[PDB]
2 protein chains.
Amino acid sequence: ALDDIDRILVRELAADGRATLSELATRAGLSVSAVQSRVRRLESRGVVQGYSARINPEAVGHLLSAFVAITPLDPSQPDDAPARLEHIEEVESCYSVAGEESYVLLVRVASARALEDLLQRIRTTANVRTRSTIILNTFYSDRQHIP
Amino acid sequence: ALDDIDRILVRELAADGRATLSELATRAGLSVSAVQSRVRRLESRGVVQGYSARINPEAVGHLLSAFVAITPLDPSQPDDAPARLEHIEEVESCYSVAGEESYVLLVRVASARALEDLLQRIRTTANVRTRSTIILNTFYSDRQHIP
Ligand SMILES: N[C@@H](Cc1c[nH]c2ccccc12)C(=O)O
């Protein structure tokens, strides 16, 4: 249910999430009130899920980032795993995945020793084995595409 | 130095990209001017590198997401795959990696059949083999943590 006007707003808000209603208005050719109300409607269906500053993880001390694939040590209860790892703050994302493993997390930590410690917390808190792939370099990311 | 006033700011801006110079400044103990200063400096120093609304990809036509793990076929050519792929736009994220493959892509696409197409285009444009993993569900995504 997304018309061309909304297509223009989200593409803009993707590029600039601090875009102002007035800047948006003159870009879709609408009144600042038209825009405001459009934007909240986008927001309240779950088309826009929030706004975030995109922080440099190295600058705040996260020098090591890794993908960790996790699989149930044994898969008989439905899966707690996302729920119970929500309160580990160093886990940034959590996807279920088709194939041999069940979830893939992306994880951000200060150093190698801090990674080893974190893998222990993960193994123990969701009762899961882990396969780790360290990121050496991010070429670009969250480059959100609106068609 | 990340002065733990600069530290309080980024935690604020990561949870809220449109939090406003004022509503910040209050929770931050400050003038709406030295708020505005660091914020301009924090962006200048590469610490906050941009603001983005977070759009739901289904909502916008991307019903299938995938991690796609690529390795170049000819080790005697310059290894420039991130750069060769950068204009392909459904590649949201491109990360080099220490594992079995050389990079991982997060890629978003209309349908399973559209994915087959994209992969073919990835293979012919970098000169890479592709191994891909399908995301069934995102439990959470980009929860950024500031020590
Ligand atoms: N990896 C499983 C799918 C899966 C997703 N989440 C899970 C949680 C537990 C066990 C399996 C799963 C498969 O490909 O079929």
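Residues numbered from 1 in each chain as written, not as in the entry; some residues may be left out. Chains lettered and ligands numbered in written order. Heavy atoms only, no water. Residues with missing side-chain atoms left out of burial classes, pairs and counts.

For this coordinate set, the PDB header names X-ray crystallography as the determination method and states a resolution of 2.80 Å.

The PDB entry lists chain A under the name TRANSCRIPTIONAL REGULATORY PROTEIN, from Mycobacterium tuberculosis.

Novice: What exactly am I supposed to notice about the environment of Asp74(A) here?
Specialist: If you trace the backbone, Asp74(A) turns up in the loop between β2 (64–72) and α4 (81–85). For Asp74(A), a relative accessible area of 35% translates into the label partly exposed. (Helix = DSSP H or I, 4+ residues; strand = E, 2+ residues; numbered from the N terminus. Buried < 20%, exposed > 50% of the residue type's maximum accessible area, 1.4 Å probe, protein only.)

Novice: Just checking my understanding: could you explain the pattern of salt bridges for this structure?
Specialist: A side chain of one charge can pair with a side chain of the opposite charge if their charged atoms are brought near each other. All names here are of chain A. The tally for this structure, following the rule as stated, stands at 18 salt bridges over all chains. Between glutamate 23 and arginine 27 there is a salt bridge whose closest N-O contact spans 3.4 Å. A residue pair is termed a helical-turn pair when its members lie 3 or 4 positions apart in one helix, as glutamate 23 and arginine 27 do in helix α2 (residues 21–28) at 4 residues. Across the pair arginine 84 and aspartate 80 runs a salt bridge whose closest N-O atoms are separated by 3.8 Å. What emerges from the salt-bridge pattern is a single network uniting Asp3, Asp6, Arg38 and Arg41. (Salt bridge = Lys/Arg side-chain N within 4 Å of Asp/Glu carboxyl O.)

Novice: What's the story with helix α5 (residues 112–125) of chain B in this structure? I'm lost.
Specialist: An α-helix turns once every 3.6 residues. As a result, residues three or four positions apart point the same way. All names here are of chain B. The end-to-end C-alpha distance of α5, which contains 14 residues, comes to 20 Å, matching closely the 20 Å that a straight helix rising 1.5 Å per residue would cover. For α5, the complete set of buried residues consists of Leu115, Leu118, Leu119 and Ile122. Around the axis of α5, the buried residues are gathered within 100 degrees of arc, so they sit on the same side. Among the exposed residues of α5, those oriented more than 90 degrees off its buried face are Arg113, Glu116, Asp117 and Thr124. Buried residues along α5 sit against β2 (64–72), α4 (81–85), β4 (103–109) and β5 (128–140). (Expected span 1.5 Å × (residues − 1). Arc of directions from axis to C-beta. Contact = heavy atoms within 4.5 Å.)

Novice: Before we go on, may I ask you to explain the site of the ligand in this structure?
Specialist: Residues and elements named next belong to chain A. The environment of the ligand is formed by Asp79, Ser96, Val97, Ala98, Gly99, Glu101, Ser102 and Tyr103. Residue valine 97 places a main-chain N or O atom 3.4 Å away from a nitrogen atom belonging to the ligand. Contact distances for the ligand include 2.7 Å between an oxygen atom and a backbone N or O atom of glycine 99. Protein chains shield 60% of the accessible area of the ligand, which is 370 Å² for the free molecule. (Near = heavy atom within 4 Å. Polar contact = N/O pair within 3.5 Å; in protein donor to acceptor, adjacent residues only side chain to side chain. Areas by Shrake-Rupley, 256 points an atom, 1.4 Å probe, with all protein chains shown as cover.)

Novice: Explain the packing of aromatic side chains to me, please; I cannot follow it from the model alone.
Specialist: Here a ring pair, both rings aromatic, is described through the centre-centre distance and the interplanar angle of the planes. Scanning the entire structure with this criterion turns up 5 aromatic pairs over all chains. Judged by centre distance (5.7 Å) and plane angle (70 degrees), the ring pair of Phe67(A) and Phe67(B) falls under edge-to-face. Remark: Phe67(B) occurs in strand β2 and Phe67(A) occurs in strand β2; the pair is interchain, linking two chains. Residue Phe67(A) is classed as buried on the basis of its relative accessible area of 8%. (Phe/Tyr/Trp six-rings, centres within 6.5 Å; stacked < 30°, edge-to-face > 60°.)

Novice: When you look at the UniProt feature "domain: HTH asnC-type" (unreviewed entry) in chain A in this model, what are you seeing that I'm missing?
Specialist: Within this numbering scheme, the UniProt entry marks residues 2–63 of chain A as carrying the feature "domain: HTH asnC-type" (unreviewed entry). Between the end C-alpha atoms of residues 2–63 of chain A the distance is 40 Å, and the span holds 53% helix and 13% strand. (UniProt positions renumbered as here; feature names shortened; annotations may be inferred.)

Novice: How do you make sense of the interface of chain A and chain B when you look at a structure like this?
Specialist: With 58 residues of chain A at the interface, the matching set in chain B holds 60 residues. Listed by contribution, the elements that provide at least two residues to the side of chain A that touches chain B are α1 (4–15), β1 (48–55), α4, β3 (91–97), β4 (103–109) and β5 (128–140) of chain A. Here the side of chain A that touches chain B is built from residues that sort into 32 nonpolar, 17 polar and 9 charged. As paired strands, β3(A) and β5(B) are joined by 4 bridges and run antiparallel to one another. By the bridge assignment, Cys94(A) is partnered in β5(B) with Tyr140(B). (Nonpolar A, V, L, I, M, F, W, Y, C, P; charged D, E, K, R; others polar. Pairing = 2+ DSSP bridges.)

Novice: Any chance you could explain the sheet that holds β2(B) here in plain terms?
Specialist: Two strands in a sheet stick together by hydrogen bonds in their backbones, pointing the same way (parallel) or opposite ways (antiparallel). Read around the closed barrel, the 8 strands follow the order β2(A)-β4(A)-β3(A)-β5(B)-β2(B)-β4(B)-β3(B)-β5(A); overall the barrel is antiparallel. The average undirected angle you get between the axes of adjacent strands in this sheet is 35 degrees. Examined bridge by bridge, β3(A) and β4(A) share 5 bridges and lie antiparallel to one another. Residue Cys94(A) lies in a different strand from β4(A), and its bridge partner there is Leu105(A). Its contacts with the sheet place helix α5 (residues 112–127) of chain A against β2, β4 and β5 of chain A, and it is angled at close to 135 degrees to β5(A). The sheet strands contacting α5(B) are β2, β4 and β5 of chain B, and the helix crosses β5(B) at an angle near 140 degrees. (Axes fitted to C-alpha atoms, helices over the stretch in contact; angles between N-to-C directions.)

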